[PDB]
Amino acid sequence: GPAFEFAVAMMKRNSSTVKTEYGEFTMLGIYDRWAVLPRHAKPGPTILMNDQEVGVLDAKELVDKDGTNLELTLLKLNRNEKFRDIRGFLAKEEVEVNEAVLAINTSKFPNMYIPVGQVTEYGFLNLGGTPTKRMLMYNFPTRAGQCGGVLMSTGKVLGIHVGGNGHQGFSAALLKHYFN
Ligand SMILES: *[C@](O)(C(=O)NCc1ccccc1)[C@H](C[C@@H]1CCNC1=O)NC(=O)[C@H](Cc1ccccc1)NC(=O)/C=C/c1ccccc1
């Protein structure tokens with residue numbers, strides 16, 4: 001109930017639809033001109049954000065202290081408007097919750113919300129041939145076009161949807177320290 005209300009407002013204020021050469025994704029703006037996509041979106045020097053061409057000043061593919069994939073890319077966008085600052089909604093470590101909502105904002109899934117149920121710290125996953133850490137898992141059959149979806153509970157932005165095996169979905173935990 002509260003989590004859906006939270007999700008809808010978060011998506012209205014901070015999310016957008018992006019197209020790269022690799023597809024269409026939900027994008028979440030974090031603060032200032034820094035946003036996040038799934039790594040596999042592979043943003044080039046320009047992206048389409050709500051159909052408008054926007055320059056990418058800088059792009060950072062995140063890894064842990066061993067070089068292990070986190071499956072997030074951080075993007076600094078060449079634009080006047082600043083994102084509302086949502087770092088206070090990001091945890092310091094992986095959040096487990098009993099009820100979460102996954103929010104999608106593309107041309108395909110416009111303004112769609114999915115109650116995924118329980119979110120568990122899955123940790124390690126071999127994600128399409130790549131060893132990947134800090135995965136959050138939910139037992140909903142997510143499908144192609146949901147990448148970049150934003151995983152939320154009431155007052156919490158938990159992670160970004162980056163993959164699925166047809167039966168379970170996985171989110172990269174969105175941690176506060178990535179945005180210091
Ligand atoms: C998203 O990337 C996605 O929704 N992409 C847009 C898209 C639209 C149309 C066609 C194809 C893609 C995708 C979400 C998955 C797909 C099935 N269910 C989901 O929730 N994610 C992937 O395709 C990722 C891509 C990837 C991740 C990391 C590095 C490089 C690429 N791959 C997987 O989820 C693979 C999973 C897997 C599981 C078991 C065994 C082998 C592979």
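The first residue of the sequence shown is numbered 1, and numbering continues consecutively from there. Start at 1 and go down the list; that is how both ligands and their atoms are numbered. Below, all heavy atoms of this structure are taken into account, side chains as well, without hydrogens, waters or symmetry copies.
Contact of the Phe83 side chain with the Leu77 side chain is registered, since non-hydrogen atoms from C-beta on lie closer than 4.5 Å. At least one side-chain heavy atom of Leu136 sits less than 4.5 Å from a side-chain heavy atom of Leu151.
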Go ahead and list the nitrogen or oxygen contacts between ligand 1 and the protein that come in under 3.5 Å, distances to 0.1 Å, or just say none.
from	atom 1	to	atom 2	distance (Å)
ligand 1	2 (O)	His40	NE2	2.4
ligand 1	4 (O)	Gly145	N	2.5
ligand 1	4 (O)	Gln146	N	3.1
ligand 1	4 (O)	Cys147	N	3.2
ligand 1	18 (N)	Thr142	O	3.0
ligand 1	20 (O)	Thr142	OG1	2.8
ligand 1	20 (O)	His161	NE2	2.6
ligand 1	21 (N)	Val162	O	3.4
ligand 1	34 (O)	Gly164	N	3.1
ligand 1	34 (O)	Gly164	O	3.2

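When the options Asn105, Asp51, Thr106 are evaluated for a side chain to side chain donor-acceptor pair (under 3.5 Å) with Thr17, the one that passes is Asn105.
Formation of a donor-acceptor pair under 3.5 Å by the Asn165 side chain with backbone atoms of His167 is found in this model.
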message: Apply ring pair (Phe, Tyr, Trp, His ring centres under 6.0 Å) to residues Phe6 and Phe89 and explain how you reach the verdict.
response: CA-CA 11 Å; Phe6 179 76; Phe89 296 103; 5.3 Å; yes

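For the side-chain hydrogen bond (donor to acceptor under 3.5 Å, both in side chains) test, no residue two or more places apart in sequence or in another chain qualifies with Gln52.
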